[PDB]
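The block underneath contains the structure these notes are about, expressed in structure tokens.
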Amino acid sequence: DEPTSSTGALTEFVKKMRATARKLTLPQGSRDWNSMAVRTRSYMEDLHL
Amino acid sequence: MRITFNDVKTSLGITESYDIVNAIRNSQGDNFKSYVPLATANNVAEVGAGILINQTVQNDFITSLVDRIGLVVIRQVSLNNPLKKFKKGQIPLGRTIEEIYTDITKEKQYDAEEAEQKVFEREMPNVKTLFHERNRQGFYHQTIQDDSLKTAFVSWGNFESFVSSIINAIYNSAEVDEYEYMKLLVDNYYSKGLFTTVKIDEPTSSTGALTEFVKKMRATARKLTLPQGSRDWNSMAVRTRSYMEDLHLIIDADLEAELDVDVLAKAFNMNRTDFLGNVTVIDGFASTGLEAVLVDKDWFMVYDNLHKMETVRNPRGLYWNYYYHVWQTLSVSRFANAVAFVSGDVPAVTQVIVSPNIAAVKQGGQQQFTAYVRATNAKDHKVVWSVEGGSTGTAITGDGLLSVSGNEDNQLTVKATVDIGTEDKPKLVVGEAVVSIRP
Amino acid sequence: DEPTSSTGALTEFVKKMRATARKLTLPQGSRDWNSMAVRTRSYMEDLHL
Amino acid sequence: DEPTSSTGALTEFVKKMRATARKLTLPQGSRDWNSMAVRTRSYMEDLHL
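So the sequences go chain by chain: A, B, C and D.
Numbers 135 to 183, taken from the numbering used here, label the letters of the first sequence in order.
Numbers 9 to 447, taken from the numbering used here, label the letters of the second sequence in order.
Numbers 135 to 183, taken from the numbering used here, label the letters of the third sequence in order.
Numbers 135 to 183, taken from the numbering used here, label the letters of the fourth sequence in order.
This is how it looks when you write it as structure tokens:
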């Protein structure tokens, strides 16, 4: 919605980012987050925000 | 002499909410799309739950051969009674336990004129006794046909393991029966009504009731533990005192979980809000109002008189019989303190929590608030939202969307309330959140 | 109710799961949690959520 | 707005100053914070408030 609108919006954004990072780092892999759909897995130490 | 079964379906006593193979087969972008690339999914679906009846299957290469059993596993489990620590010593063959107690006496005025005449006056020590009788005599019986059982096993190790499993089952049954008896003792005492009753609200209802029950329990234990004693906590009222290390509080798993999640987690200095006595968790009580019982370790009077195991052999039938005889005395002592902590009726609606209490918003932002009403009934109750501290132009809708006015500098107080009373007699529960304004 | 709809629902789910695990791990056993209705018992270290 | 009018105003001022210091101490530098409009760069140990 908006990061600077309210504390609730900020914490919602934080939760969404954490969930997305965990989904990216899920070991079995997924093809939902890359430009061309290939089943790939990423590592948490390699993620830059 | 051979037992056989014919035409037994795999789904013997299984009821299906839905057909998973049908859901997989007829699916277009639903949650079942991940199982589509699975090749042998039908076999897994139809066998993975396990089968209850075995049937001979010919292998697919040479149909004259029969598939064999590869692995056999024996499942073993051990059971115990958590109240076993309350058992007293062991009496070999005695009966009719006698418990004797001498009480305090009265003080007399000093005198010398009547002390030359009342020298040999008598004053009885004012002693009282009570009795306990043996009241449990039972046995567990089980038979083993080893000679006929040999045909169902190929390895002597598995045979012996299966043989020992039956003895283990006997012991588990004895343990669970002992636990049930020792739990039934408390319910029988409450039915007789010899507990000391304290009326409390439902601890599971709301957070205020839980903390009030905590206060009552702590105060009760404290007033039990005074050196001068009292007569208000034990049947056959007599002057006695207890020690803090000897006080046992028996509660429920749901009560433990609610306390741990509500009070202890949010409470700094747990030791100022935790239970004082030794806690013991069981699977609830049978009484209609019992919540938690605070007793002394001397309250129990459980003794075991006989624990014997015997075996007999029938050679005509070629089998063994195992008998486990248990004789016990199960009773309680009325000279020990015992408080019941009983509760009354529970209200339909207890409390409401909307959202994280502290929020901060700008002068042009919007906020979303949820709601949760702790209702003891399946029926849902509507909520109404309002704002108390605010200027003109700021408002909250009925769905839980709060918008701030163009310009204001104050503290917002959003209140969500539920009405559960009758006509011309409202009963409102109040839930409040604090919202701050950042220019 | 819902693990995500509201924080009250989330904490109620937490309490329910904790109570369920505690009553699963009871020394006297129970028959209310398995498909064969046998008097079985589980250990806390053997439970996976 | 005002450093002493309200707690919200004070914390907004704190946020603004922290952001300003962070963007002043940027490795690539900027020319928006000096009267000469020349791309320079400062350091946190040298900044004074």
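Don't be surprised by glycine CBs; every beta carbon is placed ideally from N, CA and C.
Query                                                                                                                   : Result
Selection from B/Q371, B/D427 and B/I445 that minimises the alpha carbon distance to B/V438                             : B/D427
Status (buried if at least 16 other CB within 10 Å, exposed otherwise) for D/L183                                       : exposed
Alpha-carbon spacing of B/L410 relative to B/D417, whole angstroms                                                      : 16 Å
Residues near B/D254 by beta carbon distance below 8 Å, same chain, minus five either side                              : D304, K305 and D306
Completely contained alpha helix (DSSP H) runs for the region 144-178 of chain D, where each covers 4 or more residues  : none
Alpha-carbon to alpha-carbon, B/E115 and B/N134                                                                         : 14 Å
Host alpha helix (DSSP H) of B/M190 (start-end)                                                                         : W164 to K200
8 Å contact criterion, which D/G142 and B/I445 should meet: CB distance rounded                                         : 6 Å
Beta-carbon proximity check, B/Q66 vs B/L60, cutoff 8 Å                                                                 : no
Contact set for B/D155: own chain, Cβ-Cβ below 6 Å, skip 5 residues either direction                                    : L326
For B/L420, the nearest candidate out of B/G414, B/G408, B/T405 and B/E440 (CA to CA)                                   : B/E440
Proximal residues of chain B, C-beta to C-beta of D/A143 below 9 Å                                                      : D417, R446 and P447
Candidates B/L193, B/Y43, B/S214 and B/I22: closest to B/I32 by CA position                                             : B/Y43
Proximity test, Cβ basis, 8 Å: B/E266 and chain F                                                                       : Protein chains in the displayed structure are A, B, C and D, and chain F is not among them.
8 Å contact criterion, which B/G285 and B/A229 should meet: CB distance rounded                                         : 6 Å
Residues of its chain near D/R165, where Cβ-Cβ distance is below 8 Å and the 5 sequence neighbours each way are ignored : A171, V172, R173 and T174
Under 8 Å between C-beta atoms of B/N242 and B/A368                                                                     : no
Interface partners of B/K370 on chain A, CB under 9 Å                                                                   : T138, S139 and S140
Test item: CB-CB of B/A300 and B/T204 under 8 Å                                                                         : no
beta-carbon B/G237 near the ligand ADP non-hydrogen atom, thresh 7 Å                                                    : This structure lacks the ligand ADP, and indeed carries no ligand of any kind.
Pair within 8 Å by beta-carbon distance, B/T378 and B/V362                                                              : yes
Uninterrupted beta strand (DSSP E) stretches inside the region 342-368 of chain B (no shorter than 3 residues)          : 357-361
8 Å Cβ cutoff, B/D195 in contact with chain C                                                                           : no
8 Å Cβ cut-off: residues of chain C touching B/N88                                                                      : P161 and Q162
Simplified DSSP state of B/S411, which is helix, strand or coil                                                         : strand
Bounding residues of the beta strand (DSSP E) (the contiguous stretch that carries B/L436)                              : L436 to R446
Simplified DSSP assignment, three categories, for B/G56                                                                 : coil
Alpha-carbon spacing of B/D27 relative to B/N34, whole angstroms                                                        : 11 Å
B/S341 and B/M309 closer than 8 Å at C-beta                                                                             : yes
Sub-8 Å separation of B/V222 and B/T281 beta-carbons                                                                    : yes
Contact belief for B/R76 with B/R103 at Cβ below 8 Å, rounded distance in angstroms                                     : Contact flag wrong, Cβ pair sits at about 59 Å.
Pick from B/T110, B/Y179, B/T64 and B/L263 that is closest to B/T219, judged by C-alpha positions                       : B/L263
First through last residue of the beta strand (DSSP E) which encompasses B/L314                                         : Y311 to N322
Sheet register partners of B/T400 (DSSP bridge)                                                                         : B/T400 pairs with nothing; no bridge assigned.
B/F293 classed as buried or exposed, judged by whether at least 16 other C-beta atoms fall within 10 angstroms          : buried
Residues of the region 323-344 of chain B with Cβ closer than 7 Å to any Cβ of chain C, in chain order                  : none
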